[PDB]
4 protein chains.
Amino acid sequence: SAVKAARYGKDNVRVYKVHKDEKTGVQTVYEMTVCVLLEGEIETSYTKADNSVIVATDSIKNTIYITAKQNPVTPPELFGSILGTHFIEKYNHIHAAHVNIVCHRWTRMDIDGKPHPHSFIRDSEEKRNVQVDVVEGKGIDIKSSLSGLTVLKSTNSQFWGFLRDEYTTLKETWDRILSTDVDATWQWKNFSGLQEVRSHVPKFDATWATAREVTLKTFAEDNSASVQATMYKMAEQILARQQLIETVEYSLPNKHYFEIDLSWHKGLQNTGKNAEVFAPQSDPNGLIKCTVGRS
Amino acid sequence: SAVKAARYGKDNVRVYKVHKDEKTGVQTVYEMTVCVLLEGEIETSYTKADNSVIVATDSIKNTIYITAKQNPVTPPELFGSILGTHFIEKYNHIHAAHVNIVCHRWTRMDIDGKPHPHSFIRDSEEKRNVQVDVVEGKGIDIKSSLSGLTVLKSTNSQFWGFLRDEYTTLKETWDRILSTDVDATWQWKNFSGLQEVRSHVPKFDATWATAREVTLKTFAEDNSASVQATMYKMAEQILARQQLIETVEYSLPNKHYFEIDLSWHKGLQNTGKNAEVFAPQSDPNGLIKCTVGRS
Amino acid sequence: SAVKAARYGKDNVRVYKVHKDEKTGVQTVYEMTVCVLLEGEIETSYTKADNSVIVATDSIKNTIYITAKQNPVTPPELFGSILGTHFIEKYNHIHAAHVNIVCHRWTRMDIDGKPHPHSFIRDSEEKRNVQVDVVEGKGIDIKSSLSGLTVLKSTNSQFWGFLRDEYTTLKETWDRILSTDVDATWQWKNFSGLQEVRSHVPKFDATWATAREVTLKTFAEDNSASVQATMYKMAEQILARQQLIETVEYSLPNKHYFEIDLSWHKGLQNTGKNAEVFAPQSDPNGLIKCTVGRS
Amino acid sequence: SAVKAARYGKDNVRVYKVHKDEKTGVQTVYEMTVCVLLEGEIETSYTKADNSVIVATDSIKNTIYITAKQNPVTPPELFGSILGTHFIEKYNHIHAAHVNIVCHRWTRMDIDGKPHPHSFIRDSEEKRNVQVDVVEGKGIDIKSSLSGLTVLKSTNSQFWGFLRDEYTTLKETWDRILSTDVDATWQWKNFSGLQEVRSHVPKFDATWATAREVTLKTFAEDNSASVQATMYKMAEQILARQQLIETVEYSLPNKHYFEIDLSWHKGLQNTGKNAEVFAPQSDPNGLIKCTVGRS
Ligand SMILES: O=c1[nH]c(=O)c2nn[nH]c2[nH]1
Ligand SMILES: O=c1[nH]c(=O)c2nn[nH]c2[nH]1
Ligand SMILES: O=c1[nH]c(=O)c2nn[nH]c2[nH]1
Ligand SMILES: O=c1[nH]c(=O)c2nn[nH]c2[nH]1
Ligand code: NA
Ligand code: NA
Ligand code: NA
Ligand code: NA
């Protein structure tokens with residue numbers, strides 16, 4: 001037998017950092033969960049019990065905190081690139097670092113109409129994520145994403161004209177509820193190294209904001225023919241607005257809300273045009289994916 | 001042996017209801033999870049296999065949907081009272097109904113500065129809850145709550161002056177992070193029945209809004225001496241603002257964020273006044289509770 | 001306003017302890033999650049910011065580890081009683097301690113037919129729990145439980161003869177699936193203090209074993225008329241087998257598995273006597289409770 | 001823009017099936033959660049709102065139940081292959097089906113020493129999984145796995161001899177706790193189609209059993225130099241025992257249990273040779289992966 005692939009590191013490293021403005025007294029907090037996995041010339045730790053090649057996962061943990069102390073943690077695309085580059089430069093036998101960061105929301109509180117200097121609220125479990133792969137001699141590949149953005153529209157979704165055969169019971173509809181948890185990922189063109197990532201720093205937050213805005217507006221305004229058709233419209237717009245993105249991927253569950261026929265009870269009318277009360281279904285769910293790139 | 005207590009019913013009943021304004025085209029959605037448990041002269045279903053006394057839990061499920069079809073589902077204090085009253089009036093041998101409702105957030109989307117007529121976002125897993133106990137001949141007891149409101153302040157929390165003995169290692173501090181998930185419950189004076197609940201309908205939403213506002217403002221503005229001291233200030237204010245509340249209960253975890261000493265690495269300074277990077281602790285956590293009533 | 005009730009302490013304290021037999025080389029591990037909440041003359045920490053009355057929750061955490069170091073951690077009824085008694089005896093102004101322990105399974109591995117000396121498997125998320133309330137001058141109240149015991153029987157469950165009215169759609173049945181997650185609690189007679197708890201130590205493990213065995217055998221062998229009727233049979237037997245128990249409480253969800261009518265597809269027969277494929281329902285679920293005591 | 005990749009289908013489809021032996025009265029249950037995602041000539045549903053190419057996800061759901069009715073659901077490698085083949089053969093424009101099955105444990109109860117005919121227990125959340133990719137003209141690729149197998153050994157794990165530099169604080173050790181949740185995947189050689197999968201049916205259960213046995217025995221008996229070294233020993237043995245496997249992949253968290261220094265309290269000794277009470281750490285955790293193949 002032979003080792004075909006190997007990677008190891010530290011997962012679930014929670015990190016908080018505060019920035020304090022001395023002039024204004026305003027504080028800003030960042031909280032993330034970080035995973036770092038390394039690859040390189042480490043096969044002998046597996047095959048020969050040779051620990052000499054292992055940067056201990058505990059040391060990887062220390063490195064994450066030290067790196068956060070000495071560098072900006074925002075945008076996460078930059079922090080992840082700094083962190084991955086550290087490992088491939090510091091250790092001769094480590095040739096790739098894979099950094100995943102999940103950013104948690106701490107949104108500044110408004111008290112009596114004004115922004116509070118040091119108090120924050122978690123408004124939703126929506127996350128902003130990055131996956132950064134730093135590979136020696138092959139540059140830096142960054143995939144940015146938002147996830148856990150849960151939305152619902154109560155009308156202006158349709159689904160008709162699909163294939164009907166002996167396995168089909170679903171009725172065509174011209175008016176249904178559409179609800180989903182949005183997972184959207186935009187993949188950046190390869191960067192040559194950290195200097196190039198630094199050169200594009202302002203584009204990261206702006207592109208996240210664009211992706212989020214296009215997602216919400218398209219969802220709200222599209223008279224949706226299907227999840228497929230609506231998601232493609234989102235992806236097309238993001239690609240149009242940022243030239244440095246190569247592909248956009250969406251993964252959307254279709255979280256079903258079923259009509260409840262109550263006609264058995266005193267002829268009560270609660271279907272079609274009369275539908276007011278619905279039963280949200282926890283499972284199963286549709287799952288629709290697409291990756292959109294450039295012609 | 002004898003049956004000392006018994007209750008049974010349906011849990012985890014998900015319900016969605018849409019309201020459609022014909023004039024304006026505006027739609028408003030409500031989504032809840034409902035539990036209804038009944039008590040009464042039902043001992044023989046347990047002791048003698050006498051199912052004749054059982055209102056099937058499936059029928060309880062049907063009743064929840066029918067009731068939501070025929071009645072307002074907001075405020076949840078009212079809906080829960082209607083639902084509980086139904087069971088004690090309809091069935092001679094059922095003498096108490098216990099209704100728990102969890103309300104999920106569907107907040108209207110703002111697109112391009114304006115409120116969208118039929119699109120919604122789940123902004124946070126914060127819930128608004130009610131527990132309604134409808135007991136034949138003893139009226140209606142309602143406990144209203146908010147839960148899952150997660151907040152953090154990065155300074156203006158202290159903790160010193162506590163008992164020190166041979167079990168104590170904690171250092172006194174004049175500046176720490178304070179973060180919690182707020183669970184707050186206000187208990188209404190007993191209502192004589194549904195007519196009385198109806199008479200107070202406007203107070204329910206207003207008191208929820210007050211409770212939330214007092215919680216956020218007090219948390220943000222108090223230079224906190226302890227979780228104990230800050231929570232008492234919250235409770236005192238809520239009681240002052242609504243005469244029909246008898247008690248307020250808070251249950252607050254203290255979600256610890258630890259300093260990280262980095263001095264072992266190149267004398268890096270990251271403690272006390274120099275603390276910038278912290279380690280959020282998943283467990284253990286402080287848990288602090290208090291029930292405040294009137295003198 | 002006044003403080004009507006208050007308790008505070010440390011939750012989610014994970015503890016592991018190993019016992020090593022020097023003669024045999026056999027090791028035995030215990031893992032628990034512990035919560036300790038204190039009550040007493042502590043109102044002024046809430047009302048006056050007087051921290052002098054607060055045993056810091058961090059110190060409570062230290063005390064749990066020290067107590068586990070110096071005492072047996074099994075049976076958990078004993079450990080919880082030692083731990084609660086410590087707080088009321090050590091601190092003059094603390095008058096009640098409430099200790100909750102969840103015990104996690106680490107079952108010795110069998111390798112090649114023999115028990116391994118130091119390797120363990122988590123066979124299921126079933127837990128054994130205790131709640132111990134130690135109240136100065138009122139002794140020690142212990143509630144022991146098992147929870148998360150998930151079972152299913154594929155036949156020999158019936159449900160017919162229930163109330164039918166205009167809210168009823170459920171069909172009577174003489175053969176259904178019954179599946180539940182068992183939560184069973186037995187409440188001990190009050191103990192005068194630690195000496196009395198010590199005197200009954202062997203009864204704790206034996207009664208847990210009895211409760212578990214009676215639950216499984218009754219579930220498997222009863223031709224169940226309802227969840228109500230089967231659960232009562234369990235409780236009756238436990239009370240008969242241990243005189244020192246005052247009450248037994250069961251809380252059982254009815255986890256529904258629905259028939260799937262496939263007759264629309266080529267007349268396929270999959271209902272009643274022909275039912276082979278079913279759809280497990282995640283929600284809603286029946287919830288049935290009863291507390292059984294002595295005549 | 002262009003569609004670069006697309007797949008869609010139904011996730012989280014819960015399925016239960018019972019087999020009833022008429023001669024013996026013995027019943028056997030199977031419960032699974034199934035996901036099926038399709039690919040093919042479906043781009044126009046995304047780009048042109050052309051639903052004519054869409055096999056509705058609801059129909060995919062129906063197909064799963066019908067297929068379970070008409071075919072064995074065990075071993076899951078076979079069921080997944082039947083299910084995936086159905087879609088590529090039935091629909092001309094569908095060219096790949098991706099089937100994921102999670103099998104849940106329902107283990108026959110032993111009552112009074114004998115196996116019960118129709119009662120089952122969920123002994124642990126360990127799962128047996130398959131991923132089956134059926135691709136038109138390219139055969140059937142099957143990855144089988146076990147996951148959620150949680151184990152701990154209290155001694156006979158070491159970790160010393162790792163790289164030490166200015167980022168390192170971890171002390172070398174010759175005796176520690178090792179605990180993990182095992183995720184192990186074996187990838188079968190490509191099969192030409194369903195006839196070939198059928199020809200190997202007995203190997204599926206036998207190889208799962210082997211993988212599980214080798215995992216448990218190696219974990220228990222290895223005097224572990226590292227997670228890396230122990231996991232490689234597992235993989236090597238599985239490959240040796242089944243020629244039709246091409247690669248074995250393990251992904252193992254290192255779930256840390258920390259010593260607790262209690263020496264500050266009355267000189268209490270609880271470290272090194274005196275360590276009895278430990279603090280399980282929920283996070284962070286090491287994560288160690290390797291894929292082993294044939295020379
Ligand atoms: O078994 C281990 N492998 C590792 O790579 C490691 N790093 N810290 N502790 C460790 N233990
Ligand atoms: O065992 C049952 N008990 C009940 O109360 C019930 N209600 N619906 N189905 C039921 N099954
Ligand atoms: O606010 C606090 N209250 C407490 O009771 C406590 N105990 N440790 N830290 C604490 N912080
Ligand atoms: O938007 C949808 N897309 C689909 O593929 C589908 N299948 N069933 N319902 C559906 N809705
Ligand atoms: Na390198
Ligand atoms: Na009544
Ligand atoms: Na005392
Ligand atoms: Na095909």
# chains A, B, ... in the order shown; residues from 1 in each chain; ligands from 1
>>> residues_near_ligand(ligand="ligand 3", cutoff="7 Å", atoms="only C-alpha atoms and all ligand atoms", output="list in words")
residues 159, 226, 227, 228, 254, 286 and 288 of chain B; 8, 9, 54, 55, 56, 57 and 58 of chain C
>>> write_last_selection(atoms="N, CA, C and O atoms", output="mmCIF file, in the first residue's frame")
data_model
loop_
_atom_site.group_PDB
_atom_site.id
_atom_site.type_symbol
_atom_site.label_atom_id
_atom_site.label_comp_id
_atom_site.auth_asym_id
_atom_site.auth_seq_id
_atom_site.Cartn_x
_atom_site.Cartn_y
_atom_site.Cartn_z
ATOM 1 N N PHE B 159 -16.217 42.586 36.874
ATOM 2 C CA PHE B 159 -16.557 41.594 37.885
ATOM 3 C C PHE B 159 -15.441 41.488 38.920
ATOM 4 O O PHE B 159 -14.409 40.861 38.691
ATOM 5 N N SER B 226 -22.060 43.007 37.264
ATOM 6 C CA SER B 226 -22.236 41.548 37.220
ATOM 7 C C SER B 226 -23.440 41.292 36.331
ATOM 8 O O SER B 226 -24.227 42.203 36.062
ATOM 9 N N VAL B 227 -23.612 40.041 35.896
ATOM 10 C CA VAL B 227 -24.813 39.688 35.160
ATOM 11 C C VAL B 227 -26.025 39.887 36.071
ATOM 12 O O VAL B 227 -27.059 40.387 35.625
ATOM 13 N N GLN B 228 -25.886 39.463 37.331
ATOM 14 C CA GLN B 228 -26.938 39.584 38.353
ATOM 15 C C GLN B 228 -27.463 41.023 38.390
ATOM 16 O O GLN B 228 -28.690 41.267 38.364
ATOM 17 N N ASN B 254 -23.613 33.131 30.854
ATOM 18 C CA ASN B 254 -22.454 33.989 30.727
ATOM 19 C C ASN B 254 -21.505 33.252 29.786
ATOM 20 O O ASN B 254 -20.910 32.257 30.188
ATOM 21 N N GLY B 286 -21.378 30.181 32.707
ATOM 22 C CA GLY B 286 -22.197 30.620 33.842
ATOM 23 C C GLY B 286 -23.659 30.576 33.453
ATOM 24 O O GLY B 286 -24.016 30.687 32.285
ATOM 25 N N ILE B 288 -27.208 32.298 35.093
ATOM 26 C CA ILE B 288 -27.695 33.212 36.146
ATOM 27 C C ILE B 288 -29.181 33.425 35.935
ATOM 28 O O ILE B 288 -29.595 33.745 34.815
ATOM 29 N N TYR C 8 -28.061 30.666 40.668
ATOM 30 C CA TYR C 8 -27.009 30.926 39.689
ATOM 31 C C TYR C 8 -25.930 29.840 39.875
ATOM 32 O O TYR C 8 -25.840 29.183 40.924
ATOM 33 N N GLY C 9 -25.112 29.646 38.846
ATOM 34 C CA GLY C 9 -24.051 28.648 38.967
ATOM 35 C C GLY C 9 -23.373 28.381 37.640
ATOM 36 O O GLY C 9 -23.284 29.262 36.793
ATOM 37 N N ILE C 54 -21.275 36.425 46.426
ATOM 38 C CA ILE C 54 -21.192 35.510 45.272
ATOM 39 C C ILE C 54 -19.985 34.582 45.343
ATOM 40 O O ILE C 54 -18.846 35.046 45.334
ATOM 41 N N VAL C 55 -20.259 33.281 45.428
ATOM 42 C CA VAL C 55 -19.274 32.248 45.159
ATOM 43 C C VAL C 55 -19.190 32.239 43.627
ATOM 44 O O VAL C 55 -20.187 31.908 42.967
ATOM 45 N N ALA C 56 -18.040 32.645 43.071
ATOM 46 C CA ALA C 56 -17.940 32.829 41.616
ATOM 47 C C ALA C 56 -18.256 31.522 40.902
ATOM 48 O O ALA C 56 -17.919 30.436 41.391
ATOM 49 N N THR C 57 -18.902 31.618 39.748
ATOM 50 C CA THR C 57 -19.257 30.401 39.029
ATOM 51 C C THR C 57 -17.978 29.659 38.623
ATOM 52 O O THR C 57 -17.970 28.423 38.586
ATOM 53 N N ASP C 58 -16.909 30.403 38.341
ATOM 54 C CA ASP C 58 -15.590 29.766 38.090
ATOM 55 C C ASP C 58 -15.122 28.903 39.255
ATOM 56 O O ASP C 58 -14.568 27.825 39.048
#
>>> interface_residues(of="chain C", to="chain D", cutoff="9 Å", atoms="only C-alpha atoms", output="MDAnalysis selection string")
chainID C and resid 13:20 27:29 31 62 65:66 68:69 106 109 111:112 116 118:126 149:156 213 216:217 219:221 257 260 262 265 268 270 275:282
>>> write_last_selection(atoms="C-alpha atoms", output="PDB file, in the first residue's frame")
ATOM      1  CA  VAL C  13     -19.089  21.368  32.942  1.00  0.00           C
ATOM      2  CA  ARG C  14     -17.670  18.311  31.160  1.00  0.00           C
ATOM      3  CA  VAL C  15     -15.824  15.885  33.438  1.00  0.00           C
ATOM      4  CA  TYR C  16     -13.953  12.653  32.698  1.00  0.00           C
ATOM      5  CA  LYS C  17     -12.450  10.392  35.380  1.00  0.00           C
ATOM      6  CA  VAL C  18     -10.411   7.218  34.946  1.00  0.00           C
ATOM      7  CA  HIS C  19     -10.003   4.459  37.548  1.00  0.00           C
ATOM      8  CA  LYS C  20      -6.882   2.273  37.148  1.00  0.00           C
ATOM      9  CA  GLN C  27      -9.088   0.773  33.454  1.00  0.00           C
ATOM     10  CA  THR C  28     -12.665   2.104  33.727  1.00  0.00           C
ATOM     11  CA  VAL C  29     -13.742   5.530  32.497  1.00  0.00           C
ATOM     12  CA  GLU C  31     -17.708  10.892  31.559  1.00  0.00           C
ATOM     13  CA  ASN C  62     -13.088  24.266  40.283  1.00  0.00           C
ATOM     14  CA  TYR C  65     -13.192  18.930  39.514  1.00  0.00           C
ATOM     15  CA  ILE C  66     -11.740  18.845  43.069  1.00  0.00           C
ATOM     16  CA  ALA C  68     -14.465  14.372  41.459  1.00  0.00           C
ATOM     17  CA  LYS C  69     -10.756  13.973  42.350  1.00  0.00           C
ATOM     18  CA  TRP C 106     -18.424   4.518  27.461  1.00  0.00           C
ATOM     19  CA  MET C 109     -15.007  -2.962  23.833  1.00  0.00           C
ATOM     20  CA  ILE C 111     -12.094  -7.634  20.964  1.00  0.00           C
ATOM     21  CA  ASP C 112     -11.913 -11.285  19.767  1.00  0.00           C
ATOM     22  CA  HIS C 116     -10.513  -4.999  26.464  1.00  0.00           C
ATOM     23  CA  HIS C 118      -8.668   0.187  28.294  1.00  0.00           C
ATOM     24  CA  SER C 119     -10.749   0.700  25.089  1.00  0.00           C
ATOM     25  CA  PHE C 120     -14.354   1.894  24.981  1.00  0.00           C
ATOM     26  CA  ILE C 121     -17.160   2.590  22.534  1.00  0.00           C
ATOM     27  CA  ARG C 122     -20.067   5.003  22.729  1.00  0.00           C
ATOM     28  CA  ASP C 123     -22.960   2.611  22.098  1.00  0.00           C
ATOM     29  CA  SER C 124     -25.825   5.105  21.626  1.00  0.00           C
ATOM     30  CA  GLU C 125     -26.685   8.479  22.897  1.00  0.00           C
ATOM     31  CA  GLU C 126     -28.853   6.989  25.663  1.00  0.00           C
ATOM     32  CA  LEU C 149     -33.516   5.236  24.614  1.00  0.00           C
ATOM     33  CA  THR C 150     -34.924   4.939  21.076  1.00  0.00           C
ATOM     34  CA  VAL C 151     -36.970   1.833  20.220  1.00  0.00           C
ATOM     35  CA  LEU C 152     -39.341   0.607  17.509  1.00  0.00           C
ATOM     36  CA  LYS C 153     -41.654  -2.362  17.133  1.00  0.00           C
ATOM     37  CA  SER C 154     -43.022  -3.223  13.687  1.00  0.00           C
ATOM     38  CA  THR C 155     -46.297  -4.860  14.761  1.00  0.00           C
ATOM     39  CA  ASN C 156     -48.294  -5.640  17.963  1.00  0.00           C
ATOM     40  CA  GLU C 213     -35.118  -3.863  31.791  1.00  0.00           C
ATOM     41  CA  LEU C 216     -37.550  -2.816  27.204  1.00  0.00           C
ATOM     42  CA  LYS C 217     -39.412  -6.025  28.110  1.00  0.00           C
ATOM     43  CA  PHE C 219     -42.384  -2.458  25.213  1.00  0.00           C
ATOM     44  CA  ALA C 220     -41.405  -5.629  23.355  1.00  0.00           C
ATOM     45  CA  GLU C 221     -44.051  -7.940  24.873  1.00  0.00           C
ATOM     46  CA  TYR C 257     -44.547   6.147  10.461  1.00  0.00           C
ATOM     47  CA  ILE C 260     -47.709   5.192   1.535  1.00  0.00           C
ATOM     48  CA  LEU C 262     -48.907   3.528  -4.214  1.00  0.00           C
ATOM     49  CA  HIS C 265     -48.886   3.536  -9.852  1.00  0.00           C
ATOM     50  CA  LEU C 268     -49.292  -1.307  -6.606  1.00  0.00           C
ATOM     51  CA  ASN C 270     -48.757  -1.047  -0.185  1.00  0.00           C
ATOM     52  CA  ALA C 275     -47.850  -2.363   3.679  1.00  0.00           C
ATOM     53  CA  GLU C 276     -44.092  -2.802   3.335  1.00  0.00           C
ATOM     54  CA  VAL C 277     -42.666   0.673   2.661  1.00  0.00           C
ATOM     55  CA  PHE C 278     -43.485   3.521   5.068  1.00  0.00           C
ATOM     56  CA  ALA C 279     -42.607   7.193   5.407  1.00  0.00           C
ATOM     57  CA  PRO C 280     -41.155   8.133   8.817  1.00  0.00           C
ATOM     58  CA  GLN C 281     -42.532  11.546   9.845  1.00  0.00           C
ATOM     59  CA  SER C 282     -40.105  13.963  11.492  1.00  0.00           C
TER      60      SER C 282
END
>>> select_by_dssp(residues="region 5-173 of chain A", states="helix (DSSP H, G or I)", output="ChimeraX atom specification")
/A:43-47,51-53,57-70,76-90
>>> residues_around(residues="residue 225 (chain A)", least_positions_apart="5", cutoff="8 Å", atoms="only C-alpha atoms", output="list in words")
residues 157, 158, 159, 160 and 230 of chain A; 49 of chain D
>>> select_by_dssp(residues="region 73-135 of chain C", states="strand (DSSP E)", output="MDAnalysis selection string")
chainID C and resid 94:104 107:111 114:121 127:135
>>> write_last_selection(atoms="N, CA and C atoms", output="compact mmCIF listing (two decimals), in the first residue's frame")
# COMPACT_ATOMS: atom_id res chain seq x y z
N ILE C 94 -25.37 30.08 51.76
CA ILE C 94 -25.92 29.26 50.69
C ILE C 94 -26.77 28.18 51.33
N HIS C 95 -28.05 28.12 50.95
CA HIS C 95 -28.98 27.21 51.62
C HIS C 95 -29.56 26.11 50.73
N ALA C 96 -29.32 26.16 49.41
CA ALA C 96 -29.77 25.05 48.55
C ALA C 96 -28.79 24.91 47.40
N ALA C 97 -28.56 23.68 46.98
CA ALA C 97 -27.73 23.41 45.80
C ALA C 97 -28.51 22.45 44.94
N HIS C 98 -28.52 22.74 43.64
CA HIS C 98 -29.26 21.95 42.69
C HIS C 98 -28.26 21.39 41.70
N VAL C 99 -28.12 20.06 41.68
CA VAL C 99 -27.06 19.43 40.89
C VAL C 99 -27.71 18.55 39.82
N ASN C 100 -27.36 18.79 38.55
CA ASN C 100 -27.85 17.96 37.47
C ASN C 100 -26.65 17.30 36.83
N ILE C 101 -26.71 15.99 36.65
CA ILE C 101 -25.60 15.24 36.03
C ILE C 101 -26.16 14.42 34.89
N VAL C 102 -25.50 14.50 33.74
CA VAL C 102 -25.81 13.64 32.61
C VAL C 102 -24.61 12.71 32.43
N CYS C 103 -24.86 11.41 32.47
CA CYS C 103 -23.78 10.43 32.28
C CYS C 103 -23.81 9.90 30.86
N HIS C 104 -22.64 9.96 30.22
CA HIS C 104 -22.46 9.54 28.83
C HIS C 104 -21.94 8.11 28.81
N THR C 107 -18.75 2.20 26.85
CA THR C 107 -18.95 0.77 27.11
C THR C 107 -17.68 0.04 26.69
N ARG C 108 -17.22 -0.87 27.54
CA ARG C 108 -15.98 -1.57 27.26
C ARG C 108 -16.08 -2.36 25.95
N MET C 109 -15.07 -2.22 25.10
CA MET C 109 -15.01 -2.96 23.83
C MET C 109 -14.72 -4.44 24.08
N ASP C 110 -15.38 -5.30 23.30
CA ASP C 110 -15.01 -6.72 23.20
C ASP C 110 -14.19 -6.89 21.95
N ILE C 111 -12.95 -7.34 22.11
CA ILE C 111 -12.09 -7.63 20.96
C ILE C 111 -11.80 -9.14 20.98
N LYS C 114 -13.02 -11.25 24.04
CA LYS C 114 -12.70 -10.81 25.40
C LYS C 114 -12.81 -9.29 25.62
N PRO C 115 -13.22 -8.89 26.84
CA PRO C 115 -13.28 -7.47 27.24
C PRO C 115 -11.92 -6.81 27.23
N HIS C 116 -11.79 -5.67 26.55
CA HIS C 116 -10.51 -5.00 26.46
C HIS C 116 -10.24 -4.16 27.72
N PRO C 117 -8.99 -4.17 28.23
CA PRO C 117 -8.69 -3.46 29.47
C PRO C 117 -8.81 -1.93 29.46
N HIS C 118 -8.70 -1.28 28.29
CA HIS C 118 -8.67 0.19 28.29
C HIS C 118 -9.22 0.83 27.01
N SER C 119 -10.13 0.15 26.33
CA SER C 119 -10.75 0.70 25.09
C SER C 119 -12.26 0.63 25.19
N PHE C 120 -12.93 1.71 24.73
CA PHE C 120 -14.35 1.89 24.98
C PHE C 120 -15.05 2.43 23.73
N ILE C 121 -16.35 2.16 23.65
CA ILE C 121 -17.16 2.59 22.53
C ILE C 121 -18.38 3.32 23.07
N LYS C 127 -28.75 8.24 27.75
CA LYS C 127 -28.08 8.81 28.94
C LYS C 127 -28.71 8.26 30.19
N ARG C 128 -27.93 8.33 31.27
CA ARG C 128 -28.42 8.13 32.63
C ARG C 128 -28.20 9.44 33.35
N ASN C 129 -29.26 9.98 33.98
CA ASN C 129 -29.22 11.30 34.57
C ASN C 129 -29.61 11.27 36.03
N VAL C 130 -29.18 12.31 36.75
CA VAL C 130 -29.73 12.57 38.06
C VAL C 130 -29.99 14.04 38.24
N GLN C 131 -31.03 14.35 39.01
CA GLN C 131 -31.23 15.70 39.52
C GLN C 131 -31.24 15.57 41.05
N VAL C 132 -30.32 16.26 41.71
CA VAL C 132 -30.20 16.19 43.18
C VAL C 132 -30.42 17.58 43.74
N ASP C 133 -31.43 17.74 44.61
CA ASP C 133 -31.68 19.03 45.25
C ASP C 133 -31.35 18.85 46.72
N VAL C 134 -30.32 19.56 47.16
CA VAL C 134 -29.86 19.52 48.54
C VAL C 134 -30.30 20.82 49.19
N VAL C 135 -31.20 20.73 50.18
CA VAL C 135 -31.80 21.94 50.74
C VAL C 135 -31.57 21.93 52.26
>>> residues_around(residues="residue 164 (chain B)", least_positions_apart="2", cutoff="9 Å", atoms="only C-alpha atoms", output="list in words")
residues 161, 162, 166, 167, 168, 169 and 170 of chain B; 52, 55, 56 and 59 of chain C
>>> decode(residues="region 167-173 of chain C", atoms="N, CA, C and O atoms", output="PDB file, in the first residue's frame")
ATOM      1  N   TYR C 167     -63.936  16.768  14.216  1.00  0.00           N
ATOM      2  CA  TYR C 167     -62.496  17.094  14.073  1.00  0.00           C
ATOM      3  C   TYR C 167     -61.634  15.875  13.752  1.00  0.00           C
ATOM      4  O   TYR C 167     -60.397  16.004  13.591  1.00  0.00           O
ATOM      5  N   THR C 168     -62.260  14.706  13.629  1.00  0.00           N
ATOM      6  CA  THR C 168     -61.528  13.440  13.516  1.00  0.00           C
ATOM      7  C   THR C 168     -61.413  12.909  12.093  1.00  0.00           C
ATOM      8  O   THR C 168     -62.434  12.702  11.433  1.00  0.00           O
ATOM      9  N   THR C 169     -60.180  12.671  11.638  1.00  0.00           N
ATOM     10  CA  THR C 169     -59.938  11.978  10.375  1.00  0.00           C
ATOM     11  C   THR C 169     -59.183  10.660  10.534  1.00  0.00           C
ATOM     12  O   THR C 169     -59.144   9.856   9.611  1.00  0.00           O
ATOM     13  N   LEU C 170     -58.551  10.442  11.692  1.00  0.00           N
ATOM     14  CA  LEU C 170     -57.707   9.270  11.919  1.00  0.00           C
ATOM     15  C   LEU C 170     -58.503   7.969  11.814  1.00  0.00           C
ATOM     16  O   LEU C 170     -59.543   7.820  12.476  1.00  0.00           O
ATOM     17  N   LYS C 171     -58.009   7.022  11.025  1.00  0.00           N
ATOM     18  CA  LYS C 171     -58.658   5.709  10.934  1.00  0.00           C
ATOM     19  C   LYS C 171     -58.241   4.810  12.089  1.00  0.00           C
ATOM     20  O   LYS C 171     -57.073   4.794  12.497  1.00  0.00           O
ATOM     21  N   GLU C 172     -59.195   4.050  12.624  1.00  0.00           N
ATOM     22  CA  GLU C 172     -58.850   3.027  13.596  1.00  0.00           C
ATOM     23  C   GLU C 172     -57.903   1.999  12.979  1.00  0.00           C
ATOM     24  O   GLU C 172     -57.971   1.721  11.764  1.00  0.00           O
ATOM     25  N   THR C 173     -57.009   1.443  13.793  1.00  0.00           N
ATOM     26  CA  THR C 173     -56.074   0.425  13.331  1.00  0.00           C
ATOM     27  C   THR C 173     -55.817  -0.674  14.360  1.00  0.00           C
ATOM     28  O   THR C 173     -55.826  -0.433  15.578  1.00  0.00           O
TER      29      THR C 173
END
